[PDB]
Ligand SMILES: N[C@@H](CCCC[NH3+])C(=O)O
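The chain below stands alone and is given in structure tokens; this is the form deposited without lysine (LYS).
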């Protein structure tokens, strides 16, 4: 079902770190107007880690309100505790989220059977479409393709965000699944390829700052137009790179600030983009024609 360019929206903050509700509202409107197909609220890019449970609820609520049913909203509800993931996911359901995005438990390093039981327990506890999320580099754990395939048999497990950037492996997963659940790219650099290979969309960092362009790249890639996909992606390829010069979402928040869209707010332990990356980022934005 949910297809195309799916922005993992930043959570705009005032300089003191408070959520900048006004900027958030404008960003959501801007995304819908520019062609973004769906929004992931409070994912990794949205600083899920440093917003409280009540702040998760408010950001999710506000995005849904502004969206006003124009596009589906996915709520980031991952946690490294199964019980906590259940509570976050139930809250998302009650707020009227269309689906929930759940990163694999990070830090505690569950076994593959543990990941299976984690997601099974969540699926069975909450009637909401669930999207798995694999990002071994951040989590210390790698949900295998085999476990991913096992999980697609569970009702309410409807997709996986594959952030490995490993294209052959993602193709292998898409092929093994044979449509049993959706595969989304979680790696902007290679997303155009994955989508040409059958992925349903891109849960994107770059879409934060190039929503029109990324909406077009996903549309043509889904349509299997390889040449159009190469060409349109090429125009924003350097952004997929520069946006990770420091840990996401550090660069992307700075990029939006240079666009005059949000203030500099960002919560410790994350920090504003280091001084030396600011000029190279502004240059990349100018090159891409963003500013």
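Positions refer to the first chain, counted from 1.
Same protein, other form: the form solved in complex with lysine (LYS), not shown, and the subject of what follows.
*Asks:* Sort through 91 to 99, 119 to 127, 135 to 143, 165 to 173 and report the only stretch with a non-hydrogen atom within 4.5 Å of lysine (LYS) in the deposited complex.
*Replies:* Stretch with heavy atoms near the partner: 135 to 143.
*Asks:* Given that the partner is absent here, does residue 256 sit within 4.5 Å of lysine (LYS) in the deposited complex, heavy atoms only?
*Replies:* No, residue 256 stays farther than 4.5 Å from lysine (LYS) in the deposited complex.
*Asks:* Does residue 245 make contact with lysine (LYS) in the deposited complex, using a 4.5 Å heavy atom cut-off?
*Replies:* Judged by the heavy-atom cut-off of 4.5 Å, residue 245 is in contact with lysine (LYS) in the deposited complex.
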